[PDB]
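**Student:** Have a peek at query.txt (compact mmCIF, N, CA and C atoms).
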# COMPACT_ATOMS: atom_id res chain seq x y z
N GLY A 547 0.81 -1.20 0.00
CA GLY A 547 0.00 0.00 0.00
C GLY A 547 0.84 1.25 0.00
N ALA A 548 1.99 1.21 0.67
CA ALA A 548 2.86 2.37 0.76
C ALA A 548 3.58 2.61 -0.56
N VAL A 549 4.05 1.54 -1.21
CA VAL A 549 4.73 1.73 -2.48
C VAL A 549 3.74 2.28 -3.50
N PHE A 550 2.50 1.79 -3.48
CA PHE A 550 1.49 2.33 -4.39
C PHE A 550 1.17 3.79 -4.07
N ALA A 551 1.30 4.19 -2.81
CA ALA A 551 1.12 5.61 -2.48
C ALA A 551 2.23 6.45 -3.09
N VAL A 552 3.49 6.00 -2.98
CA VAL A 552 4.60 6.70 -3.61
C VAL A 552 4.41 6.75 -5.13
N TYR A 553 4.05 5.61 -5.72
CA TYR A 553 3.84 5.55 -7.17
C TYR A 553 2.83 6.59 -7.61
N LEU A 554 1.76 6.78 -6.84
CA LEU A 554 0.75 7.77 -7.21
C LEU A 554 1.33 9.19 -7.21
N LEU A 555 2.22 9.49 -6.26
CA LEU A 555 2.82 10.82 -6.21
C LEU A 555 3.84 11.00 -7.32
N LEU A 556 4.72 10.01 -7.51
CA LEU A 556 5.66 10.04 -8.61
C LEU A 556 4.93 10.27 -9.93
N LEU A 557 3.77 9.64 -10.08
CA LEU A 557 2.95 9.84 -11.27
C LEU A 557 2.50 11.29 -11.40
N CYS A 558 1.99 11.87 -10.31
CA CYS A 558 1.73 13.31 -10.28
C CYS A 558 2.97 14.11 -10.66
N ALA A 559 4.13 13.74 -10.10
CA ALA A 559 5.38 14.42 -10.42
C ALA A 559 5.69 14.32 -11.91
N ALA A 560 5.46 13.15 -12.51
CA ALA A 560 5.62 13.03 -13.95
C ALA A 560 4.78 14.07 -14.69
N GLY A 561 3.55 14.30 -14.22
CA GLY A 561 2.70 15.31 -14.84
C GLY A 561 3.28 16.71 -14.76
N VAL A 562 3.86 17.06 -13.61
CA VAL A 562 4.45 18.38 -13.47
C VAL A 562 5.66 18.54 -14.37
N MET A 563 6.42 17.46 -14.55
CA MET A 563 7.60 17.51 -15.41
C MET A 563 7.25 18.00 -16.79
N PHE A 564 6.20 17.44 -17.37
CA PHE A 564 5.80 17.90 -18.69
C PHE A 564 5.29 19.33 -18.69
N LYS A 565 5.14 19.95 -17.52
CA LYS A 565 4.66 21.33 -17.49
C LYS A 565 5.75 22.34 -17.21
N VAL A 566 6.78 21.96 -16.47
CA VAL A 566 7.84 22.90 -16.12
C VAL A 566 9.07 22.73 -17.00
N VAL A 567 9.19 21.62 -17.71
CA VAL A 567 10.31 21.47 -18.64
C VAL A 567 9.91 22.18 -19.93
N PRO A 568 10.68 23.19 -20.34
CA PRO A 568 10.32 23.97 -21.53
C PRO A 568 10.22 23.07 -22.74
N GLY A 569 9.22 23.33 -23.57
CA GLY A 569 9.13 22.64 -24.83
C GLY A 569 10.19 23.13 -25.79
N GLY A 570 10.58 22.24 -26.70
CA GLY A 570 11.62 22.55 -27.66
C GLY A 570 11.36 21.82 -28.96
N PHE A 571 12.27 22.06 -29.88
CA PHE A 571 12.21 21.51 -31.22
C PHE A 571 13.60 20.97 -31.52
N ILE A 572 14.39 21.76 -32.24
CA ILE A 572 15.79 21.46 -32.54
C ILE A 572 16.65 22.35 -31.66
N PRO A 573 17.51 21.81 -30.80
CA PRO A 573 18.40 22.69 -30.03
C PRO A 573 19.21 23.61 -30.94
N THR A 574 19.37 24.87 -30.53
CA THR A 574 20.27 25.72 -31.28
C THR A 574 21.69 25.15 -31.19
N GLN A 575 22.39 25.22 -32.30
CA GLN A 575 23.70 24.62 -32.44
C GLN A 575 24.53 25.58 -33.25
N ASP A 576 25.83 25.52 -33.04
CA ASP A 576 26.76 26.32 -33.82
C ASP A 576 26.80 25.73 -35.24
N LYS A 577 26.27 26.47 -36.23
CA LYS A 577 26.30 26.03 -37.62
C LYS A 577 27.50 26.57 -38.37
N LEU A 578 28.47 27.16 -37.66
CA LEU A 578 29.72 27.65 -38.20
C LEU A 578 29.57 28.92 -39.05
N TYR A 579 28.49 29.67 -38.88
CA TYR A 579 28.40 31.03 -39.42
C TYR A 579 27.40 31.81 -38.59
N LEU A 580 27.45 33.13 -38.73
CA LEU A 580 26.53 34.06 -38.12
C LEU A 580 25.88 34.89 -39.23
N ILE A 581 24.69 35.44 -39.00
CA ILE A 581 24.00 36.23 -40.03
C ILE A 581 24.02 37.69 -39.59
N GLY A 582 24.72 38.50 -40.35
CA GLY A 582 24.75 39.92 -40.11
C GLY A 582 24.01 40.66 -41.20
N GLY A 583 23.67 41.91 -40.91
CA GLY A 583 23.20 42.79 -41.95
C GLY A 583 22.83 44.14 -41.39
N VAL A 584 22.12 44.91 -42.22
CA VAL A 584 21.88 46.30 -41.90
C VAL A 584 20.63 46.78 -42.61
N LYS A 585 19.87 47.59 -41.91
CA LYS A 585 18.81 48.40 -42.48
C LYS A 585 19.27 49.85 -42.39
N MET A 586 19.50 50.47 -43.55
CA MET A 586 19.83 51.90 -43.61
C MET A 586 18.55 52.73 -43.61
N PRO A 587 18.65 54.04 -43.36
CA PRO A 587 17.45 54.89 -43.43
C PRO A 587 16.75 54.74 -44.78
N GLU A 588 15.41 54.76 -44.72
CA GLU A 588 14.61 54.62 -45.93
C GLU A 588 15.05 55.64 -46.96
N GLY A 589 15.27 55.17 -48.17
CA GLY A 589 15.70 56.07 -49.23
C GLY A 589 17.20 56.09 -49.45
N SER A 590 17.98 55.42 -48.59
CA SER A 590 19.41 55.34 -48.78
C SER A 590 19.72 54.59 -50.09
N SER A 591 20.80 55.00 -50.72
CA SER A 591 21.36 54.31 -51.87
C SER A 591 22.12 53.05 -51.47
N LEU A 592 22.24 52.17 -52.44
CA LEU A 592 23.12 51.02 -52.29
C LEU A 592 24.54 51.44 -51.91
N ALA A 593 25.01 52.60 -52.39
CA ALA A 593 26.36 53.01 -52.05
C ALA A 593 26.48 53.26 -50.55
N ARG A 594 25.48 53.89 -49.94
CA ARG A 594 25.52 54.09 -48.49
C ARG A 594 25.49 52.76 -47.75
N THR A 595 24.64 51.83 -48.20
CA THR A 595 24.57 50.53 -47.57
C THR A 595 25.90 49.82 -47.64
N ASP A 596 26.55 49.90 -48.79
CA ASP A 596 27.81 49.18 -49.04
C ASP A 596 28.90 49.64 -48.06
N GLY B 200 -15.72 62.78 -87.03
CA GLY B 200 -14.59 62.48 -87.90
C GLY B 200 -13.73 61.33 -87.36
N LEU B 201 -14.28 60.48 -86.48
CA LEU B 201 -13.53 59.43 -85.81
C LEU B 201 -13.95 58.07 -86.35
N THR B 202 -13.03 57.11 -86.27
CA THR B 202 -13.34 55.73 -86.56
C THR B 202 -13.35 54.90 -85.28
N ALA B 203 -13.92 53.70 -85.39
CA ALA B 203 -13.82 52.74 -84.28
C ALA B 203 -12.36 52.55 -83.89
N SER B 204 -11.46 52.44 -84.90
CA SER B 204 -10.06 52.16 -84.58
C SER B 204 -9.39 53.34 -83.89
N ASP B 205 -9.78 54.59 -84.20
CA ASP B 205 -9.28 55.71 -83.42
C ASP B 205 -9.65 55.55 -81.95
N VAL B 206 -10.90 55.19 -81.69
CA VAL B 206 -11.35 55.09 -80.31
C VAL B 206 -10.56 54.00 -79.56
N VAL B 207 -10.40 52.83 -80.19
CA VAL B 207 -9.69 51.73 -79.52
C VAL B 207 -8.23 52.14 -79.24
N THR B 208 -7.58 52.80 -80.22
CA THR B 208 -6.21 53.24 -79.99
C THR B 208 -6.13 54.24 -78.85
N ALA B 209 -7.07 55.20 -78.80
CA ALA B 209 -7.00 56.19 -77.72
C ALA B 209 -7.17 55.52 -76.35
N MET B 210 -8.06 54.55 -76.28
CA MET B 210 -8.24 53.82 -75.00
C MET B 210 -6.99 53.03 -74.61
N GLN B 211 -6.33 52.42 -75.60
CA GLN B 211 -5.11 51.67 -75.31
C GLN B 211 -3.98 52.60 -74.90
N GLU B 212 -3.90 53.81 -75.52
CA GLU B 212 -2.88 54.77 -75.13
C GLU B 212 -3.12 55.32 -73.73
N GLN B 213 -4.37 55.56 -73.36
CA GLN B 213 -4.64 56.34 -72.14
C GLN B 213 -5.00 55.48 -70.91
N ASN B 214 -5.05 54.15 -71.04
CA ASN B 214 -5.22 53.27 -69.86
C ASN B 214 -4.09 52.25 -69.98
N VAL B 215 -2.93 52.54 -69.38
CA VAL B 215 -1.77 51.73 -69.66
C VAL B 215 -0.84 51.76 -68.46
N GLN B 216 -0.16 50.64 -68.25
CA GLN B 216 0.90 50.50 -67.25
C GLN B 216 2.07 51.43 -67.61
N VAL B 217 2.61 52.17 -66.62
CA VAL B 217 3.71 53.10 -66.84
C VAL B 217 4.93 52.70 -66.00
N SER B 218 6.10 52.68 -66.62
CA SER B 218 7.36 52.46 -65.90
C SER B 218 8.04 53.85 -65.81
N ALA B 219 8.21 54.35 -64.61
CA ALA B 219 8.52 55.76 -64.41
C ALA B 219 9.97 55.98 -64.02
N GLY B 220 10.70 54.91 -63.69
CA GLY B 220 12.12 54.97 -63.32
C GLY B 220 12.41 55.57 -61.94
N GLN B 221 13.68 56.02 -61.76
CA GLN B 221 14.26 56.41 -60.47
C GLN B 221 15.21 57.58 -60.66
N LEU B 222 15.47 58.34 -59.57
CA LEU B 222 16.58 59.32 -59.51
C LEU B 222 17.68 58.76 -58.60
N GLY B 223 18.94 59.01 -58.96
CA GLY B 223 20.05 58.62 -58.09
C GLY B 223 20.53 57.21 -58.33
N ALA B 224 19.96 56.49 -59.30
CA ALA B 224 20.50 55.18 -59.65
C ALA B 224 21.85 55.31 -60.38
N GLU B 225 22.60 54.22 -60.31
CA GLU B 225 23.84 54.07 -61.03
C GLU B 225 23.64 54.23 -62.54
N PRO B 226 24.72 54.52 -63.27
CA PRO B 226 26.11 54.79 -62.88
C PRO B 226 26.35 56.27 -62.70
N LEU B 227 27.09 56.65 -61.68
CA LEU B 227 27.39 58.04 -61.36
C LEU B 227 28.87 58.16 -61.07
N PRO B 228 29.50 59.29 -61.40
CA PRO B 228 30.92 59.43 -61.09
C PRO B 228 31.19 59.49 -59.60
N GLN B 229 30.27 60.04 -58.81
CA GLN B 229 30.40 60.09 -57.37
C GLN B 229 29.19 59.42 -56.76
N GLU B 230 29.39 58.74 -55.64
CA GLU B 230 28.35 57.92 -55.06
C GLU B 230 27.12 58.73 -54.68
N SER B 231 25.96 58.25 -55.08
CA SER B 231 24.73 58.91 -54.70
C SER B 231 24.38 58.58 -53.23
N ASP B 232 23.69 59.49 -52.57
CA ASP B 232 23.24 59.22 -51.22
C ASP B 232 21.84 58.65 -51.16
N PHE B 233 21.10 58.74 -52.24
CA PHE B 233 19.69 58.41 -52.19
C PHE B 233 19.33 57.69 -53.47
N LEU B 234 18.30 56.87 -53.39
CA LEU B 234 17.72 56.28 -54.58
C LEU B 234 16.24 56.55 -54.46
N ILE B 235 15.68 57.28 -55.41
CA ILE B 235 14.31 57.77 -55.30
C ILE B 235 13.51 57.21 -56.48
N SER B 236 12.52 56.37 -56.17
CA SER B 236 11.61 55.81 -57.18
C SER B 236 10.55 56.83 -57.55
N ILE B 237 10.12 56.76 -58.80
CA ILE B 237 9.16 57.73 -59.33
C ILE B 237 7.85 56.98 -59.57
N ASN B 238 6.74 57.65 -59.34
CA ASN B 238 5.42 57.13 -59.66
C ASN B 238 4.82 58.03 -60.73
N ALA B 239 4.28 57.44 -61.78
CA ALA B 239 3.39 58.17 -62.69
C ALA B 239 2.19 57.28 -62.99
N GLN B 240 0.99 57.79 -62.84
CA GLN B 240 -0.20 56.95 -62.97
C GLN B 240 -0.59 56.80 -64.44
N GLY B 241 -0.74 55.59 -64.90
CA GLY B 241 -1.14 55.44 -66.29
C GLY B 241 -2.49 54.78 -66.46
N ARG B 242 -2.83 53.87 -65.54
CA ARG B 242 -4.04 53.07 -65.69
C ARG B 242 -5.24 53.83 -65.11
N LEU B 243 -6.41 53.63 -65.72
CA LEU B 243 -7.66 54.23 -65.24
C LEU B 243 -8.45 53.19 -64.45
N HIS B 244 -9.33 53.66 -63.52
CA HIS B 244 -10.06 52.75 -62.62
C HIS B 244 -11.57 52.93 -62.69
N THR B 245 -12.07 54.15 -62.88
CA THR B 245 -13.50 54.36 -62.74
C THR B 245 -14.18 54.62 -64.08
N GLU B 246 -15.51 54.48 -64.10
CA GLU B 246 -16.24 54.87 -65.30
C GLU B 246 -15.95 56.33 -65.67
N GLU B 247 -15.85 57.21 -64.67
CA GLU B 247 -15.58 58.65 -64.94
C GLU B 247 -14.26 58.86 -65.64
N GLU B 248 -13.20 58.18 -65.18
CA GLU B 248 -11.90 58.32 -65.82
C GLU B 248 -11.94 57.78 -67.24
N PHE B 249 -12.56 56.60 -67.43
CA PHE B 249 -12.68 56.13 -68.80
C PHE B 249 -13.49 57.13 -69.64
Go ahead and render the structure in this file as structure tokens.

**Tutor:**
Amino acid sequence: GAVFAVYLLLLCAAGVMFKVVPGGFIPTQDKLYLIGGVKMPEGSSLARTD
Amino acid sequence: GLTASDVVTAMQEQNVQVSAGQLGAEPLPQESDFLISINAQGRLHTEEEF
């Protein structure tokens, strides 16, 4: 009876785990490059951007 | 003093897509600071304009 009591709580704990562990997809990983760029003021020429 | 074909030609001339170009585009001896697109309306929309 006591082990079944613990099992019931552990089961509840399993439920909380799925709620406090953040959901994810693909872990971010170093893909060996970074993405840079720039937005210049509207109306700027390509020469200013360059 | 008009023909059907005069009327069709005038309608084709006066309801038409317009390419209006830009100011400050290449090539320039010194770098431009701005690139400015031009709008000119060519197409008609209402019975009144037609």

**Student:** As AutoDock Vina command-line options, what would the box around region 213-216 of chain B look like: edges along x, y and z, 6 Å added on every side, centre and edge lengths in Å to one decimal?

**Tutor:**
--center_x -1.6 --center_y 53.4 --center_z -70.3 --size_x 19.3 --size_y 17.8 --size_z 18.1

**Student:** Compile the residues of chain B that lie within 10 Å of chain A, evaluated using only C-alpha atoms, and express the compilation as a list in words.

**Tutor:** residues 223, 224, 225, 229, 230, 231, 232, 233, 234, 235 and 236 of chain B

**Student:** Using only N, CA and C atoms, can you tell me which of B:227, B:210, B:203, B:215 comes closest to residue 240 (chain B)?

**Tutor:**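 Smallest separation from residue 240 (chain B) among the options: B:215.
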
**Student:** Expressed in Å to a single decimal, how great is the separation between atom N of residue 586 (chain A) and CA of residue 219 (chain B)?

**Tutor:**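 Taking atom N of residue 586 (chain A) as the start and CA of residue 219 (chain B) as the end point, the length is 24.2 Å.
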
**Student:** For the atom pair CA of residue 213 (chain B) and CA of residue 248 (chain B), what is the interatomic distance in Å to one decimal place?

**Tutor:** 9.8 Å

**Student:** May I have all residues of chain A that DSSP, computed from the backbone, assigns to helix (DSSP H, G or I), given as a ChimeraX atom specification?

**Tutor:** /A:548-566,592-595

**Student:** For the atom pair CA of residue 239 (chain B) and atom N of residue 217 (chain B), what is the interatomic distance in Å to one decimal place?

**Tutor:** 7.2 Å
